[PDB]
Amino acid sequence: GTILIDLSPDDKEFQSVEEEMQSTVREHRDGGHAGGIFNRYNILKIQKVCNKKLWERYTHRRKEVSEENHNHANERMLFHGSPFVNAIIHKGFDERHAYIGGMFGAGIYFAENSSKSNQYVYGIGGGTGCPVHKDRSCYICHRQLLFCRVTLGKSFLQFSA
């Protein structure tokens, strides 16, 4: 039930999503080991992900959270980079995506920095890099990120290095 609709580069919605992508690149403490070396991206395509059932599933849970938190879902737009992006757009997020070795326990991780999510496109630590060239800094191969609507509700604050 998922359909992907292409946005035009002339669309304000394309432009605002590209800007959040571009403006949230930072340098990483691994010197580029995991996601590669770059200051900016070449955006090739932005598609809106449309699934009525997955949407209604998200809005139902959003209402539950909101009602537990003085009518405040605390909703954010955040990045997610994963080898399992195809499973996510078709089936949604679920417990099979829980990151067992994650520093905040077995959950699903999102980033404000697009470049942090980029570090996971080809797997934990960048895996072995792109399928074609085995290069975590490949400048040729097309990569994919999700820009996601995320319900935080009341969030537990972990101060960390």
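For the two forms, the rigid core is made up of the largest set of C-alpha atoms that agree within 1.5 Å on superposition. Just count from 1 along the sequence shown to find any residue number.
Trainee: Between 115-123 and 88-96, which one strays more from this form in 9 other deposited structures of this protein if you match the rigid core and compare Cα atoms?
Mentor: Higher average C-alpha offset in 9 other deposited structures of this protein goes to 88-96.
Trainee: In 9 other deposited structures of this protein, superposed on the rigid core, which stretch sits farther off in Cα RMS terms, 98-106 or 38-46?
Mentor: Of the two stretches, the larger average C-alpha offset in 9 other deposited structures of this protein falls on 98-106.
Trainee: Read off the CA B-factors in the entry, average them over 49-57 and over 106-114, and name the higher stretch.
Mentor: Comparing 49-57 with 106-114, the higher mean C-alpha B-factor belongs to 49-57.
Trainee: With respect to the recorded C-alpha B factors, which stretch has the higher mean value, 86-94 or 69-77?
Mentor: Higher mean C-alpha B-factor: 86-94.
Trainee: Within this chain's modelled residues, let me know which third the CA B factor of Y120 belongs to: lowest, middle or highest.
Mentor: Lowest third.
Trainee: Classify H133 as lowest, middle or highest third according to the C-alpha B-factor given in the PDB entry, relative to its own chain.
Mentor: As the PDB entry reports it, the C-alpha B-factor of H133 lands in the highest third of its chain.
Trainee: Just say lowest, middle or highest third for the CA B-factor of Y99 relative to the other modelled residues in its chain.
Mentor: Highest third - that is where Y99 ends up once the chain's C-alpha B-factors are sorted.
Trainee: Once the chain's modelled residues are ordered by C-alpha B factor and cut into thirds, is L146 in the lowest, middle or highest one?
Mentor: Its C-alpha B-factor belongs to the lowest third of this chain's values.
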